[PDB]
Amino acid sequence: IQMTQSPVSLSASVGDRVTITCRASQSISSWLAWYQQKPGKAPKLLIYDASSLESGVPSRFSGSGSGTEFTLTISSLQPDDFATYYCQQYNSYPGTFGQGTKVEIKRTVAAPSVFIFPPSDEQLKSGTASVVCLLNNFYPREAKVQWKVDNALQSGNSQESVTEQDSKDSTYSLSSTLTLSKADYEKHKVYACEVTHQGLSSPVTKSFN
Amino acid sequence: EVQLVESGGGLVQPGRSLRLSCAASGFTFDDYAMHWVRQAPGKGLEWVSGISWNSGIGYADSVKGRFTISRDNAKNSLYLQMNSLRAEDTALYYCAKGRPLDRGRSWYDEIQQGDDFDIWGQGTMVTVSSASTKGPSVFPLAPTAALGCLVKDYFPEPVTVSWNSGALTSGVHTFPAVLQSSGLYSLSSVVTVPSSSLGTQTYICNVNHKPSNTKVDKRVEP
Amino acid sequence: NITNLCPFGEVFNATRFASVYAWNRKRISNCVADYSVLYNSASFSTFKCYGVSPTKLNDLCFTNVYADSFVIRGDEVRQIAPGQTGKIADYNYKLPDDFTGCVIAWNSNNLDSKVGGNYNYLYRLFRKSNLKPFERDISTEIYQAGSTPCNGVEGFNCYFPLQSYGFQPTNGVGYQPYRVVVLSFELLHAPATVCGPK
Amino acid sequence: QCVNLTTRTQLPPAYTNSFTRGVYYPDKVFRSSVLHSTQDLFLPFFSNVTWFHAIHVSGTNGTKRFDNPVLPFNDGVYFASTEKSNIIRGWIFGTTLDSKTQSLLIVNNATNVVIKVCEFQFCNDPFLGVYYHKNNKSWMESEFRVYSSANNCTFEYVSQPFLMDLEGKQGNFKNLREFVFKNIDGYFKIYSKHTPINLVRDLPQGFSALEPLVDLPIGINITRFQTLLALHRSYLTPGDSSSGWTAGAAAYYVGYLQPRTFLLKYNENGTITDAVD
Ligand SMILES: *[C@@H]1O[C@H](CO)[C@@H](O[C@@H]2O[C@H](CO)[C@@H](O[C@@H]3O[C@H](CO)[C@@H](O)[C@H](O)[C@@H]3O)[C@H](O)[C@H]2NC(C)=O)[C@H](O)[C@H]1NC(C)=O
Ligand SMILES: *[C@@H]1O[C@H](CO)[C@@H](O[C@@H]2O[C@H](CO)[C@@H](O)[C@H](O)[C@H]2NC(C)=O)[C@H](O)[C@H]1NC(C)=O
Ligand SMILES: *[C@@H]1O[C@H](CO)[C@@H](O)[C@H](O)[C@H]1NC(C)=O
Ligand SMILES: *[C@@H]1O[C@H](CO)[C@@H](O)[C@H](O)[C@H]1NC(C)=O
């Protein structure tokens, strides 16, 4: 059947005890394995049978539960563990894995550095023009951005991206891009991007003519 | 080490066939039941197919038939003949070996294990595209204060961007690429310099487009 | 004397068997064999020994055995007979006419039969040349017959060489899945190790 | 996946006289204190046994000496050493000694001996690696440094170790890991026994016939074999391959065979005294 973790993500600074639980769609006996998958590398094996341990891991990991709900907890923590985590099932092949809750452990609330960028000259000559909202070095990934035409906002013409936590600063710099053509792009005067985050009192806007 | 290496992976037209490999090492590849498990770009893992110590297991639901696992214990190289590749099969495929000793599994015992997949191969990336490799139409981002270099409409991944030929690794920002809805890639990079360094020192953004090596260089000024 | 056996049950009871086109070749050696029970089971729908006979078989030691194993719909086990023709013989499994061993085949319509289309099981269908004794064409380039190669396109003159069985539960008697184990008793020039009881 | 470890020592190994050492029992019919003639491949009486040096620390610290040679396997061999430690881990008998040609392998892990045949990927200086696991002061015994593959191949066997670890730690014997490896009529047969001896350096005036450890159905033509060690991985340092090595020092003997026939003065328990030819 299915196998879905209960959290969706979590950050909790080094030296902390945290839990991640996966609930099923039916009685999946008690066989399960746990995967931590650093960004861009090959996933790893952590717990098999949903409880036991395999040689090749620090003992800090822990697993329990059965039936429909299972749990993996980390008590004493290190810089490495900042990684994605996945469950799975067994009942009947196929045995899938599930969404995968992140762990981006670091906690110092930061404020953004917001900018808006127009197109270059040749960019405009490119028949299609893209413009940028930049959100430098804020924490954490929980943040929202929404652009603004002269009076209203944009949607359906935007594409977005976000970095990872940097190895020293752990702040998350967002990029968002509005990609229109010269025909639509030229229709206007001012283009804006407005942001919300836990680090701000009022949503922060940056626009240009 | 007890290692897996897979090949046969790259740009493939939609529906065009392809055959992987996994020249496993170390472990008695003649025993453990392999599986091809594909991770989407960034998204989760997902089982595609498996194969027992002798042969034959089911696949994912929308992938049966159009795929075909196989192996050859006499050679140490699992296979995966993929046919009619749809849009979704664009992914990174990992060879994997089941957890338990599946040399002579139980005849008749109610088990059907699913705590498996110990060792994962490096993964042989696979795309599904209908446009060809294209070098980026790189553009600059004219501005304590930051400025950058956008790289629009490159294809297919990767591109390496650097500043002043890698002079300044501070303010660096490797904004990861996004597949355009149009089916194309693009990204940008940016760097913060003191606004006191605005009209004083001018910076250089350069790109090398490794799939074809369409090297471009640019100078960014407000 | 008797302490161990050859791990026969690891196939004579194995959970799944290969498609016959990619038929598994489980090499067996370094063990002893009580072949009689491998025969005295009253469960096999076929057991024919060629170049050898079940009589006195337990005297027979060999350098090794190459238990080839697969699944084919019941009747067509007849193409498992040295010098026979047929799609399994022509294009999936060629027993040498000078064969020296035994063939086993039983029903498994309870086990290897499932609705929905079991693409677990497959066999070759189009092929340039006929096969060779104990050769295995797991590779699956798409066959061509006439004017043009197939470019990776499959169409006319251009067909995926392997097709399935589809052992539906409601199948007829002749459609039933015989699990097949072909014990080829090889005695090249090495020590004879797979001996009989006592 | 290994280091061109020494590659630099070649000085002529000395030799020795095999005064009396390396005879076995060719049957299992019970025997008594009566002579009996026997023909087979024997290491020649008083052979010019080729004594080669493993780590041989006689010198300014400097060069860490080690000169393991790849020796042919004329018609079977007799392999020995002094080796106060427990480093003489196994052998890699073969002809081509990597892929597209079979060969054999003996190794140990201090618990049991493991015996395989395979088409390996042996590199010129192979050696298993015994390395700290960071728990208990104990270790693991990885052998990734002996070959980049041992694949597509048949035999497997595990027994109580061929090397029987012992309680020496005082030192006049070094336990003389003795073996005789002979490939005749498609069989590979191992005849040996371990011997702690009160003599300082060389093989004795007294004698002990070996015993057949095992008889195996490999049926692989064998004409070359290099012995193997599992070096004690020095505490981890910048430099993991061409670095501080040769943890432990000793040397080993090799002596070939040829057909001969002897009448041995057997004894009641299955014992051997003397012969002349
Ligand atoms: C595959 O698994 C089945 C299920 O365990 C095995 O079935 C039983 O196997 C025995 C011998 O192994 C068959 O002989 C029977 O022996 C018992 C006692 O030895 C005796 O009470 C019977 O009269 C008969 O002689 C038995 O018929 C069989 N029964 C069933 C229900 O399968 C089978 O042996 C396994 N096959 C292999 C090759 O291991
Ligand atoms: C010595 O070698 C034997 C043979 O491989 C090892 O036995 C295996 O050990 C692993 C380690 O957990 C088990 O997973 C296997 O199941 C064991 N094989 C069996 C039980 O047949 C043994 O561990 C080795 N010991 C040392 C100290 O090297
Ligand atoms: C090993 O692989 C080779 C090719 O790599 C193949 O010819 C051979 O049949 C395989 N098996 C043995 C036992 O050599
Ligand atoms: C030693 O280095 C040479 C240099 O190419 C290489 O040919 C040889 O295989 C190496 N020996 C090893 C790695 O054992």
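Residues numbered from 1 in each chain as written, not as in the entry; some residues may be left out. Chains lettered and ligands numbered in written order. Heavy atoms only, no water.

What the deposited record gives as its method is cryo-EM, and the resolution it gives is 4.2 Å.

Identification of chain B as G32R7 Fab heavy chain from Homo sapiens is taken from the PDB entry.

Per the PDB entry, chain A goes by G32R7 Fab light chain and derives from Homo sapiens.

Enquirer: Please explain the interface of chain A and chain B as it appears in this structure.
Expert: Interface extent is often summarised as the accessible area lost during association of the parts. On the chain B side, the residues contacting the 42 residues of chain A number 41 residues. Here chain A and chain B share an interface that buries about 3,400 Å² over both sides, 62% of which is from carbon and sulfur atoms. Sorting the residues of chain A by area buried against chain B places A:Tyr93, A:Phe97 and A:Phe117 first, and these three jointly supply 19% of that buried surface. Secondary structure elements with two or more residues in the side of chain A that touches chain B: β3 (35-37), β8 (113-117), α1 (121-125), β9 (128-138), β11 (158-162) and β12 (172-181) of chain A. In terms of residue class, the side of chain A that touches chain B is made up of 19 nonpolar, 19 polar and four charged. (Contact = heavy atoms within 4.5 Å. Buried area = accessible area lost by both parts, 1.4 Å probe. Helix = DSSP H or I, 4+ residues; strand = E, 2+ residues; numbered from the N terminus. Nonpolar A, V, L, I, M, F, W, Y, C, P; charged D, E, K, R; others polar.)

Enquirer: Would you take a moment to explain the side chain of D:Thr38 for this structure?
Expert: Residue and element names in this part refer to chain D. Topologically, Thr38 is positioned in strand β2 (residues 35-42). You can call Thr38 buried: its relative accessible area is 13%. Excluding anything up to four places from it in sequence, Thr38 contacts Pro26, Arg260, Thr261, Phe262 and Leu264. (Buried < 20%, exposed > 50% of the residue type's maximum accessible area, 1.4 Å probe, protein only.)

Enquirer: So what exactly am I meant to see when it comes to the domain arrangement of chain A here?
Expert: Residues and elements named next belong to chain A. As assigned here, chain A comprises domain 1 (3-86) and domain 2 (113-208). Just the C-alpha atoms count here: the centres of domain 1 and domain 2 sit 36 Å apart. Of the roughly 210 Å² buried between domain 1 and domain 2, counting both surfaces, carbon and sulfur atoms make up 38%. Linking domain 1 with domain 2 are zero salt bridges. Taken together, the connections running from domain 1 to domain 2 amount to zero residue pairs in polar contact. Partitioning the side of domain 1 that touches domain 2 into residue classes produces two nonpolar, two polar and no charged. (Domains from an automatic or database assignment. Salt bridge = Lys/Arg side-chain N within 4 Å of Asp/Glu carboxyl O. Polar contact = N/O pair within 3.5 Å; in protein donor to acceptor, adjacent residues only side chain to side chain.)

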